[PDB]
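Before anything else, here's the structure in question.
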Amino acid sequence: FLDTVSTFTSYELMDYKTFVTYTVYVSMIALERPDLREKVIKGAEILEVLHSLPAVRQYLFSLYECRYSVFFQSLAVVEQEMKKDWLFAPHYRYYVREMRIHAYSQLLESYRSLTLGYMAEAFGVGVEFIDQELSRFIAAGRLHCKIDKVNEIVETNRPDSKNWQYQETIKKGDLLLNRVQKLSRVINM
Amino acid sequence: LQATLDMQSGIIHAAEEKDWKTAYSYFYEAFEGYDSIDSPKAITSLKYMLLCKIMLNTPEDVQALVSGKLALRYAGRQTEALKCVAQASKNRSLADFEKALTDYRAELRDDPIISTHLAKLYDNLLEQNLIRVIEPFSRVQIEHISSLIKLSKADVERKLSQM
Amino acid sequence: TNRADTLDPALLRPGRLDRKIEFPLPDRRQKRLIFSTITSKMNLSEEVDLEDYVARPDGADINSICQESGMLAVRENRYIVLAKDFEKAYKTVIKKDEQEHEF
Amino acid sequence: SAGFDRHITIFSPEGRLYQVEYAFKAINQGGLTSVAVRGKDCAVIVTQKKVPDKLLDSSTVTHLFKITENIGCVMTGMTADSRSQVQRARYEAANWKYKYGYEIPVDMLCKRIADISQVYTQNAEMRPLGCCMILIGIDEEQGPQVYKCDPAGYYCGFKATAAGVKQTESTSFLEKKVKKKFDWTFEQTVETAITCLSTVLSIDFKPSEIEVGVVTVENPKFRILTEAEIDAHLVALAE
Amino acid sequence: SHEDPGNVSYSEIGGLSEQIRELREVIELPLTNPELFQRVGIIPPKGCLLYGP
Amino acid sequence: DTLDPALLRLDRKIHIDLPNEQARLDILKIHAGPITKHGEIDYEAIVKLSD
Amino acid sequence: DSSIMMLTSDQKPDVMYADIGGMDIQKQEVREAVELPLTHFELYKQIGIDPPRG
Amino acid sequence: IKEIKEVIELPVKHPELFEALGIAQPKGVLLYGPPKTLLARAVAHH
């Protein structure tokens, strides 16, 4: 959907505004912050048309400044929207909580000696909300970081070039090592 | 009629938002396109233009835009206020710009867009002031580092985070 | 070069001439901007006429224009370049037979 | 250019002919200067003489040629063309006086002289009379006139008039002088003529070198000034 | 470049009384110093042309 | 004059102008300094003797 | 090598558009018909124009 | 192009039709004219 110069209007384009819908419902995830601004901001070609749907547009605008209050407002909004939108009924579950965890990633990445309560304002009243949320999210194996209840920590951690950028080494040079090993075992036995 | 339309195709290019430098080259085509244009139709044809020029943080095309005699070819005091507008555009000093919310208020009166003009100026100035409190050393209290910006936690926090 | 009539026998034909755009003498508003360049190459302190020679039929000459005017102000041995310096560069030039074939 | 060696009167490429624009400096081989001025109800001719010899006379070096009793002229360029042009002018003015019964206006005379020069230009196998002629005269209902006739046959006529050798400079002084809107009270005219020649040539000389021809609407006869009154005007402008 | 015979300075041949200074205004102008053309800025020319019998 | 116009565009054609009376006599002098002469040479004679 | 070999340093006269001594016809022409087309593959193709030449 | 054939493929396609004649084959056609390189190359390219 990076074309934006070849899908103006067609008997395949049920609506170019719906084209924008499908586009944003994959670009607020595909587009990292640089690609975010590249396609949404920089690519003002879709802007001359997405001028017609400013809700998710302003959501994306906050999606740079990281305004988590309106993040959650439009998050509920788009949640209901996907709940009532085609070819998503049995799958739309992740997208929203993914937006949640991804935004929390950068927010914590700001710095460490920080609190969820200071962000509970941006979370709305999000102390218990994010309590169970991030509990089950780190339980979902997400977003290396540190946070408490009696202390309410925030963290910036997880450098790949600490051990993981060196752990992939054996992670693969043992996986494939034994792959070829047994593969080169039955060559004789 | 077309002259207004090209001034549009630049203004649009700043409103449907092609780019600052694009709309500004269009502002030259406006500027050197105001050949034999009525003074109220030409001195205001330079009003919004020198506004957006002081706005662009960089006139950037001096020796053909402000080296052309047109900026010295209008009668009414409108163009003479535009003269100090262009003077600022050259300088654009925080010691002269932000002080002049009123000296640029009659100049804030003809502002084409009030969403970007001085907004981007102070946006840049944020990190421009962030390379004066963080210029001395890496580590610092977030309070006195922002006692210079005079707000220790108001907006410095999320701004620098975004950075 | 000074000539191009010795050419365009095969270069300007279907196949060869794919993006050939001759670039000869242009309109105006150059001479004015050229002044603004070359007259700014010399001093032109703060108030020295520009149009009086823009519209007066007296880029290659501007080089010798500034040569004469500026280096005679340096014969005068000072920076500030005058509007008379234009004249000093408008008398030592191709003024042969001034100023109209008359017929 | 040529190329064609411009030997006869044809058209060259791009686009001029070279015979007449060689004839335009047959005036310049004269070594001579002429200035005419019209400000008001008078008209003044001034022209110097270049006499190096004491054996040579002074009366017959006169260039001011009284064409008719109300029309004067002055000549520059080579002398033979000038004198022959003058006798043609006198003959055609007398032809006007015979045919039409009254005195010729100075406009029709310049038209007729220009037409003669054009016929000398149109047909080949004749030299195009390389001299320039300035006329003056008084006409009723039009005041005074000053006209110029070209060797090409291009007449014109205008307020402050000069032809000869150094008259780009003379017309530069007359643009820098006829721009202020004062009247020209006949001694203003004589003073500006003497001082314009005195700034172009920069000599500031005796009253015996220039010749002054005047005509005025008080005595419409053409009049050549005397050494005494020329000296009077010269010391009258001497401050 | 090496035949150059040293001879008199710039006061031998006459008629060029005003030319002596004219030639110097281009002949020692860059030779003495071009730093004047940092105050002014004018790009130096290359020369001129003579004629005569 | 033999130079092509495309080449004749050399700030100006400086000229060695014809030595006249003053200049002619100046050079005539300088040509006669180291002579075993006397205070006899008639200057204006040679001057007007010249063209 | 071809005795100039592009000169390989910064033979770039360090010039912008208007700096030329007044050739706006050729200035604009060369600017938008070279600097954009010299690098492009699709705008010409956006009107199927052609890959350009001398 | 038809002439191209008649004069180029005749030295190529069926030698048995003019060797049956017994007379020599052609050498040159001087494919001259208004400047031809492009298509004169791309045609018998086939």
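Going by the order they are written in, the chains are A, B, C, D, E, F, G and H; count residues from 1 in each one.
Definition applied: a contact is a pair of C-beta atoms (placed from the backbone, for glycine too) under 8 Å apart; a residue touches a chain by one contact, two chains touch by 3 or more.
Each chain and its UniProt protein: D = Proteasome subunit alpha type-6.
When chain centres are taken as C-alpha averages, the shortest distance to the whole-protein C-alpha average belongs to C.
Note on interfaces C-H and C-D: more C-beta pairs are in contact across C-D.
Between the Cα centres of subunit F and subunit H there is a gap of 81 Å. As a whole-number value, the distance joining the C-alpha centres of subunit B and subunit G reads 31 Å. The distance from the centre of subunit C to the centre of subunit F, with each centre set as the mean of the Cα atoms, comes to 36 Å.
For the pair subunit A and subunit H, the distance between mean C-alpha positions equals 69 Å.
Of all residues in subunit E, those that touch two or more other chains are 26, 45.
Shown for subunit D are the residues that touch two or more other chains, of which there are none. Residues of subunit C found to touch two or more other chains are 29, 33, 37, 64, 67, 71. Here the chains touching each other pair up as A-B, B-C, B-G, C-D, C-E, C-F, C-G, C-H, E-F. By the touch rule above, subunit E contacts subunit F in their complex via residues 12-17, 19, 22-23, 26, 45-52. The residues of subunit C lying in touch with subunit F in their complex are 2, 60-61, 64, 67-68, 71, 92. Residue ranges of subunit B in contact with subunit G, taken from their complex: 61, 63-64.
Listing the residues of subunit B that touch subunit C in their complex gives 32, 63-64, 67-69.
Residues 6, 9, 11-12 of subunit F are the ones touching subunit C in the complex.
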